[PDB]
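One structure is given below, encoded as structure tokens.
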Amino acid sequence: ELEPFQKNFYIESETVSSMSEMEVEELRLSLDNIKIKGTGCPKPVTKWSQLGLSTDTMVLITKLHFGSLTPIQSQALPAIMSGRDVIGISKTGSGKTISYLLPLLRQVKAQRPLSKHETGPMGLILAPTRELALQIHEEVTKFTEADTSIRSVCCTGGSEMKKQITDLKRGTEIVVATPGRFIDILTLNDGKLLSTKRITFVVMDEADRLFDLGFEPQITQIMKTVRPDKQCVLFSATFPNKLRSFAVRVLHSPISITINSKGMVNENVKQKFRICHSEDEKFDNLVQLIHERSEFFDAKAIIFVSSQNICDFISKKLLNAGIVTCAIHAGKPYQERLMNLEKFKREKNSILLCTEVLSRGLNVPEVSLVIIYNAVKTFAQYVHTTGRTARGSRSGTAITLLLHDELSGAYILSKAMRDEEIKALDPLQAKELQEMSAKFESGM
Amino acid sequence: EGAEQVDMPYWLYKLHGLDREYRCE
Amino acid sequence: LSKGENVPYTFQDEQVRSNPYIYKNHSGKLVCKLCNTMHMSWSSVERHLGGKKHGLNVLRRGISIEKXXXXXXXXXXXXXXXXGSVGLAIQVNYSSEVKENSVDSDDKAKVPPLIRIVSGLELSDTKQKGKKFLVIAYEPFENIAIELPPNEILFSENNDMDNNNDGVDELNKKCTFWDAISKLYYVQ
RNA sequence: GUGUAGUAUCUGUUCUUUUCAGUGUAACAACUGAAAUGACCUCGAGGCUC
RNA sequence: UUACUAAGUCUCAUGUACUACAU
């Protein structure tokens, strides 16, 4: 008859809870393309203060972690603090450790102390190597140092067992261990020196490595002696089939968090840009682009603009210059939208001229060329506009006509383009891009 | 005040017979 | 796995080797001359090299590779008393710029007189003994002594607050004063 | 030039509950049982310590 | 001038032989 306990310690800050869904999508794209799976994921935070940690802890952390929250921290901290099981896929050095330590500290702190007959622990962190266990435990101590109500003992192989037994004699709220040693300690002396009965929180870090180094049997047996309503988080740089299979076995309604696994834009889309200095030059490029394309002759294009007034203007402009377009926007009667869409889907080598906001929902097949005439200002809009050309192997090209003053636009391009896409273009255009993006970035 | 800065044979040693400290009188 | 290196046989009478250790004996097997261990494949050889065994033999092989004018001044003894017991105080006077005018070459000139407690167990004559002397010495002038029958007088207990400039000893810093401007040495 | 079951032998790797008592052993090893918690002193060692 | 002795157990891999059994 299990003892009930609290796992959700998260109070969403007002500023975060005010965020809309579109805002949250955008924040995830900007944070190195965070991808989530699972139901009910809390919104990412962007500041240590949105987590409701005491001043002590705040001072301590800062001290402990210098600079901005990492993408993994932004998303994993509120999900774990909320008591959810979590799969966190991110590289070593992404700061993942505090992502689980803070919530673990909080959870263990809240539980009643160990009785005079209870060994502990309440929290268990498993690592595949002695070197990682020691590193994790060093972190832990930087927190248990201030607070004498909480101990951690590090239990690994390649190290005296008797030494660690002397520790565990005194009871311990937290254990950091390699799987073999832990199992060895559990079974030792009728399992009377270490109990699993009070473990409510298990973390497995570098989880892919645990299978690599043959620990499936040990970690599987450990999870079998742990209450199944425990909170469990699995952190790993990769997600091999073995881990995927293990998570299904040990987790409930997990939230998976993957940082920039793949590109925000399909890698088969060829992203390009041209930096211009007047609307006129932008228009000169747009025309050169439309003619040039013909020498490579389905093959259709879509010019995206930012407003209905711009769409009308550019439509007339392009007309006066011998180029006929199928123009579309929400200020036009639906009947003529349909006429233009059908004309576009009908006529060979047609050109659609469309507002960026209608891009996600356009009912047309993928195209060979997207010309973004007004650099978009969000990551979400960039994905929807460029995605109009995405088509696995048959993906075409998306090109942005950017103006010298469009700093945020350059920030988006610098974050969504592949490095090798920026290399193949003129090194001065490239250099301006990076300068534009840096200026925007320090602008905040 | 005034602290200014500037600018392995594990089973082998048991087997050897050191499970029980021996003594020469 | 051999990386294209040629390991000559042991009997070929030794081109520099990467490791001048792993050889091939008269037979085809590979051996470590130091370790005297046979290895079937080059992979086993690399396990041997990456193993602690070979390393220990390497360290063992490295260990194998390494293998006075004498002028009596004037003292002024006087029975003192403070609180809570009785102590002695001596006032020794020195020359009045009479002879020290010929020697001023900063040769220990900055060194003040020094006192030490000597047991009479050792004397130039060695006749009688059994008491202590509070000897006081200065470079040019002659040594001076004062008999101390009482086993202990004025032997205080942490007078100052433990500051560590030993000078010569606890005795000198603890209870001596050297008026160098007037040339008067006080001791108590 | 194959497959089923199974065996032996290298080498790599590593040191399993600090102690006590019994079995066991040539002595080990190994096996069998239990378990301190707290305080202090000098340079892991030490206590007619409580 | 260095007065002559080291591997063992476990674990998880590699090296190499082998024994019944079937095409």
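Ordering A:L64, C:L121 from the fewest to the most neighbouring beta carbons within 10 Å gives C:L121, A:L64.
With a simple spin-label model that places each label point 7 Å from the Cα along the Cα-to-Cβ direction, the separation between C:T10 and A:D167 comes to 4.7 nm.
Here the scattering of segment C:65-188 is modelled by Debye summation over its C-alpha atoms, one equal scatterer each and no solvent; at q = 0.19 Å⁻¹ the log10 of I(q)/I(0) is -1.24.
Listed peptides C:21-29, A:101-109 appear in the order A:101-109, C:21-29 once ranked by packing, highest mean of other Cβ atoms within 10 Å at the front.
Expressed as a whole percent, how much of the Cα-Cα distance distribution for segment C:1-142 exceeds 23 Å? Taking all Cα-Cα pairs of segment C:1-142, the fraction more than 23 Å apart is 65 percent.
Per-residue Cβ neighbour counts within 10 Å put A:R388, A:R360, A:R274, A:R170 in the sequence A:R170, A:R360, A:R274, A:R388, beginning with the fewest.
How large is the Rg to Rh ratio of the protein assembly as shown when both quantities use alpha carbon positions and Rh follows Kirkwood?
Working: Rg = 42.6 Å, Rh = 34.7 Å.
Using Cα coordinates only, the ratio equals 1.23.
Could you give P(r) for segment A:11-131, binned at 10 Å from zero, as whole percent values over all Cα-Cα pairs? With 10 Å bins starting at 0, P(r) equals 11, 41, 34, 12, 3, 0.
With the simple spin-label model, which puts each label point 7 Å out from Cα in the Cβ direction, the A:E1 to A:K192 separation comes to 2.7 nm. By the count of other C-beta atoms within 10 Å, a proxy for reagent exposure, A:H65, A:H117, C:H39 are ordered fewest to most as A:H117, A:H65, C:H39. Going by the alpha-carbon gyration tensor, a ≥ b ≥ c the square roots of its eigenvalues, is segment C:83-131 rounded (a/c under 1.5) or, if a/c is not under 1.5, prolate (a/b greater than b/c) versus oblate? Oblate, because a/c is 1.5 or more while a/b does not exceed b/c.
Run the simple label-point estimate for A:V59 and C:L1 please: 7 Å along Cα→C-beta, distance reported in nm. A separation of 5.8 nm, rounded to one decimal place. Other residues lying with their Cβ under 10 Å from the Cβ of C:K183 contribute a combined charge of -3, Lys and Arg counting +1, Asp and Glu -1.
With both residues required to sit in the protein assembly as shown, DSSP beta bridges show an antiparallel share near 40%.
For GluC sites (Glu not before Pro), the sites in segment C:105-188 that DSSP calls loop and that have at most 16 other Cβ atoms within 10 Å are C:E122, C:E142, C:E152, C:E157. For the protein assembly as shown, taking a cut-off of 4.7 Å between Cβ atoms, the unpaired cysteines are A:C41, A:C154, A:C155, A:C232, A:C276, A:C311, A:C326, A:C354, B:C24, C:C175.
Cβ coordinates were reconstructed from backbone atoms using ideal geometry, including for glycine residues, and neighbour counts include every protein chain displayed. All of the numbers you see were taken from the coordinates with simple rules; none came from a lab.
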